[PDB]
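Peer 1: Structure of the sequence below:
(chains A, B, C, D, E, F, G, H and I)
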Amino acid sequence: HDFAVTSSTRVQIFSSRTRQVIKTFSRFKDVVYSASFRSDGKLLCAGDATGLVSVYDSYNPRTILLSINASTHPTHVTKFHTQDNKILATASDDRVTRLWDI
Amino acid sequence: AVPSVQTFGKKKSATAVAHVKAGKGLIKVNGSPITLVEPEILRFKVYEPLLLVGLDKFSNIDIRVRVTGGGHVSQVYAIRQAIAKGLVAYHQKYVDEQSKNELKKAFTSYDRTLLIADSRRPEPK
Amino acid sequence: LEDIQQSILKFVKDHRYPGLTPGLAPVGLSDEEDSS
Amino acid sequence: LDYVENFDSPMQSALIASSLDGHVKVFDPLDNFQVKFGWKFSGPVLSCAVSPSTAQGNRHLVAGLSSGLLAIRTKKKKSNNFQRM
Amino acid sequence: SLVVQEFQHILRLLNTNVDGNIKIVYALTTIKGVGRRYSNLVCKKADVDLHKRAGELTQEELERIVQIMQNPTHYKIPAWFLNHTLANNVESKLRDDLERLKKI
Amino acid sequence: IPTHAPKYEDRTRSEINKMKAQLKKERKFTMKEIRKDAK
Amino acid sequence: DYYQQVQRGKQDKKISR
Amino acid sequence: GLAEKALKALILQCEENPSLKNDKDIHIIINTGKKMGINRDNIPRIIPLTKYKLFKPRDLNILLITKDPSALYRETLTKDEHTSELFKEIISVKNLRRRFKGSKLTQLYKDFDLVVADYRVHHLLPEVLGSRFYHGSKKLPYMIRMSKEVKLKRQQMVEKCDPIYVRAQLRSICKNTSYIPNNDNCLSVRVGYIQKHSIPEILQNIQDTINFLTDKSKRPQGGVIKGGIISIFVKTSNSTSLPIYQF
RNA sequence: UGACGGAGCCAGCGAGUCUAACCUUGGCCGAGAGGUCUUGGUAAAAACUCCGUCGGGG
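Peer 2: Residues are numbered from 1 along each chain as shown, chains lettered A, B, ... in the order given. Structure as follows:
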């Protein structure tokens, strides 16, 4: 019943029932690249360009559940696993892809 | 006549009157269903009798409570007290003593404060 | 007597605040219409 | 590019792709990936995604246009005596 | 593989540097004197998004908004948005009265 | 690392403060003395 | 030149009373 | 001639005297041949002007006091884009009593310039607002219809709100002015601001006001003076009386 | 260890025909004392709970 859209300093959650924005994350200091929902939904990751990822649980823009600082280059791709639910994959312009365990 | 039994509950300075009648099977803390006693961190501290004894024992009867005095935490403790005591009193007046005694045993297994509020007297030295 | 014989042969005001009749304002058509 | 499957469709599995020209296409992985359908939006469409397979609700198709446009195309989905009488 | 998008750093306005990393209403309230409601009113009169940061509000919109803010009389913005020796003498008197009462 | 220097060792407002403190002292003192006189 | 003499007449009638 | 000559004199005396500069309003006091039989309540009774506007909502900040719930009232008023820029603040009576007392109360008194509330709350208003407001007629709470809908005996009322009607009320009010009945011959009304307009406007306003007050029609509202009117004096907040229409 | 707007809800003491301010402009009346009206500025249940928003000071 939901889907997420990335943009310039705006992550917007839309509801599959009324096609209007239902939630907004905007604590982003620079261009947030990508958003990924956990294979069980409670948690999304969002890779920004400053060089970090914000990982925090859906529907709660008030909680920055965790901020992980990988290599300083911007991170274009972030995703959750699909067979494990505590393994989250990211990569950054450093051309090295890093698997973190949350 | 309507089978009818009343009990009481007292935390710090909070009164809780509880009528218990044989009827349609509901539970009302002062004109609004027990699912909406407001604290919301304690609503289960209110339910505790309901759950701990299982429902049908309540499906048979109607419980009305009204509460006053004290504040939030005291009123929640007072309601749980009055509900539990009222349940055991009704089941020892109009229903069987085996239910009485085993209910009392279940409660005193869990936590006796559902039955005898402590009048927590001051102390010398 | 015409009205009375026919019958025989057949603004704003609140009830609870009299103070309203003085209190009200003069609705004015131009005063709604204009977007000043 | 995104792949969906095992959802209510005469096509068993579907693959949708976005090709910078308004053109988003639907292929299937059973006919050796042949073109099956397509749309065209104006700008270069950079992202595309479909509602997943257990939507059980009004299904949606989200396209993101580098022209700064989000676009979505969707498919929608007496008296008791008398009765005892 | 050529895409092409539609910025600049903090831009000054009314002898006041307007931050480059804040939202529209935030920057408008940060401008010396203005508040949240007046910021919303100005943003609405200019017809620009309020949660777009300083990356947005392209030069034409910025100039029109600046003119509107500089000319509230020409913009009809709501007016709710605008804006010792005695001690010494007493001490001397105290000195006099106290001297009288404590000496005589 | 950036460095700095430490600190160590309005006449109108200064004299205002000193005279007001003087006045308060005197008012307390005259209270107490009159009070002792009365008792 | 009106305020001063109207005041004056005021006090005049007061003192007259 | 006496009128505008005295007007010029009082002006020049204002710009010369320090405090007379500081007080900023023109007041006219009518002494009547007979007293008024209308005991003083604080119902703000307003008088219309046929020619010239005086104050604008665009120029003045304003406070509105609703009924208690106030949810739909406030959100509708702030949303319908006809008042969102118009009412500076909106508050319910209970929330007001929860928020302001004493110091903060007189802080409000200094801040706002014109307030109004629902005509079903006006009579309750005084004690939550204070005698401190209840002096003179500068920040005397007004009374506006809010629904354009009426009540019937034994019939529940339904509550609504419409920006067109309420904005009409506010604009009418700031266009014209008001007064308060007394029980003696002496009634005072603010008339015009010291620089917003001119002497001819002053005289037009005065003539229209006196005609409205002496008018036989609109007795519930305008036909209130008893007996032959005596005279009209002019002043500012601290000046002295100046005579007009002696007989 | 927060701020702000609306919400949500619960106390116990106390019940003497006695509980409560002053300065200011001017009107009328009054023989006066004074009276009435105007008149301008300065003295005096919380926390808690659920939703929303923001993200060093003269």
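
Peer 1: Around residue B:92, how many other residues sit close by?
Peer 2: 16 (other Cβ atoms under 10 Å in any protein chain shown). Yep, even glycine has a C-beta here, placed from its N, CA and C like the rest.

Peer 1: Angles on the backbone of it, please.
Peer 2: phi -100, psi -10 (degrees, to the nearest 10).

Peer 1: so where does residue H:20 fall, helix or strand?
Peer 2: Element membership for residue H:20, per DSSP states H and E: helix H:18-22.

Peer 1: tell me what that helix is packed against?
Peer 2: For helix H:18-22, the contact count by 3 or more Cβ pairs under 8 Å, 6 or more residues apart in numbering or on different chains; DSSP states H and E identifies helix H:2-16 as packing neighbours.

Peer 1: Does the helix it packs on reach RNA strand I?
Peer 2: No. Using Cβ under 7 Å from any atom of the strand, helix H:2-16 never reaches RNA strand I; the gap is at least 11.3 Å.

Peer 1: quick one, what contacts residue 16?
Peer 2: Reading this off chain A. With contacts defined as Cβ atoms under 8 Å, 6 or more residues apart in numbering or on different chains, residue A:16 is in contact with A:1-3, D:51, D:55, D:57-58, D:60.

Peer 1: The intended chain is chain E.
Peer 2: Residue E:16 makes contact with E:31-32, according to Cβ under 8 Å, 6+ apart.

Peer 1: likewise residue G:14?
Peer 2: Here residue G:14 is in contact with no residues (criterion: Cβ under 8 Å, 6+ apart).

Peer 1: how close does it sit to chain H?
Peer 2: Separation of residue G:14 from chain H (Cβ to the nearest Cβ, to the nearest Å) stands at 12 Å.

Peer 1: Then residue E:93?
Peer 2: Distance of residue E:93 to chain H, computed by Cβ to the nearest Cβ: 28 Å.

Peer 1: among the contacts of residue A:16, which ones are buried?
Peer 2: By neighbour count, with 16 or more other Cβ atoms under 10 Å in any protein chain shown, these hold A:3, D:51, D:55, D:60 as buried.

Peer 1: Of the residues you listed, which is the nearest to chain E?
Peer 2: Nearest to chain E, judged by Cβ to the nearest Cβ, of the buried ones among the contacts of residue A:16 is residue A:3 at 20.1 Å.

Peer 1: Roughly how far does that closest one sit from chain C?
Peer 2: Noted for residue A:3: a distance of 42 Å to chain C, by Cβ to the nearest Cβ.

Peer 1: Look up which residues are beta-bridged to that residue.
Peer 2: On the basis of DSSP bridges, residue A:3 is bridged to residue A:14.

Peer 1: Test my guess that it contacts residue D:63.
Peer 2: No. Judged on Cβ atoms under 8 Å, residue A:3 makes no contact with residue D:63 at a distance of 12.0 Å.

Peer 1: Can you tell me the closest non-neighbouring residue to residue H:14?
Peer 2: Leaving out its chain neighbours, the residue that sits closest to residue H:14 by Cβ to Cβ, 6 or more residues apart in numbering or on different chains is residue H:20, at 4.3 Å.

Peer 1: check contacts around that neighbour.
Peer 2: Residue H:20 makes contacts with H:13-14, H:236, H:238-239, as judged by Cβ under 8 Å, 6+ apart.

Peer 1: Could you pick out the buried ones from these?
Peer 2: H:13-14, H:236, H:239.

Peer 1: name the element the residue most central in space within chain B belongs to?
Peer 2: In chain B, the C-alpha nearest the mean C-alpha coordinate belongs to residue B:83, at 1.3 Å (Cα atoms, centre = their mean). In the assignment (DSSP H and E), residue B:83 maps to helix B:72-93.

Peer 1: quick one: that helix to chain centroid distance?
Peer 2: Its chain's C-alpha centre lies 2 Å from the corresponding centre of helix B:72-93 when counted by Cα atoms, centre = their mean, to the nearest Å.

Peer 1: which parts of it are buried?
Peer 2: The neighbour-count check on helix B:72-93 (16+ other Cβ under 10 Å) flags B:74-92 as buried.

Peer 1: Ok, stretch H:116-133 next?
Peer 2: Buried, per 16+ other Cβ under 10 Å, within stretch H:116-133: H:116-122, H:125, H:129-130, H:133.

Peer 1: same deal with stretch B:48-63?
Peer 2: For stretch B:48-63, by 16+ other Cβ under 10 Å, it's B:48-50, B:53, B:57-58, B:61-63.

Peer 1: In chain E, which helix is the longest?
Peer 2: Assignment by DSSP state H gives helix E:85-103 as the longest helix of chain E.

Peer 1: Would you mind listing the outside residues contacting that helix?
Peer 2: Residues outside helix E:85-103 that contact it (Cβ under 8 Å, 6+ apart): F:16, F:19-20, F:22-23, F:26-27, F:30, F:33-34, F:37.

Peer 1: again, only this time at 10 Å
Peer 2: Helix E:85-103 is contacted by residues F:15-16, F:19-20, F:22-23, F:26-27, F:29-30, F:33-34, F:37 when judged by Cβ atoms under 10 Å, 6 or more residues apart in numbering or on different chains.

Peer 1: on that earlier part again, in strands, which of the buried ones among the contacts of residue A:16 appear?
Peer 2: Within those, residues falling in strands by DSSP state E are A:3, D:60.

Peer 1: so which pair among the buried residues of stretch B:48-63 is furthest apart in space?
Peer 2: Pairwise distances across the buried residues of stretch B:48-63 (Cβ to Cβ) peak at 19.3 Å, for the pair B:48 and B:62.

Peer 1: and residue H:124, what is it in contact with?
Peer 2: Residue H:124 touches H:65, H:93, H:117-118, counting by Cβ under 10 Å, 6+ apart.

Peer 1: any idea how far it lies from residue H:181?
Peer 2: Counting by Cβ to Cβ, to the nearest Å, the separation of residue H:124 from residue H:181 is 21 Å.

Peer 1: what's the answer for residue H:76, then?
Peer 2: Distance of residue H:76 to residue H:181, computed by Cβ to Cβ: 34 Å.

Peer 1: Helices of chain B, residue ranges please.
Peer 2: Under DSSP H, chain B gives helices at B:43-53, B:56-59, B:72-93, B:97-110.

Peer 1: could those go into a markdown table alongside distance to chain C?
Peer 2: Output for the helices of chain B, formatted as a markdown table (distance: least, Cβ to the nearest Cβ, whole Å):
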| stretch | distance to chain C |
| --- | --- |
| helix B:43-53 | 42 |
| helix B:56-59 | 47 |
| helix B:72-93 | 38 |
| helix B:97-110 | 55 |
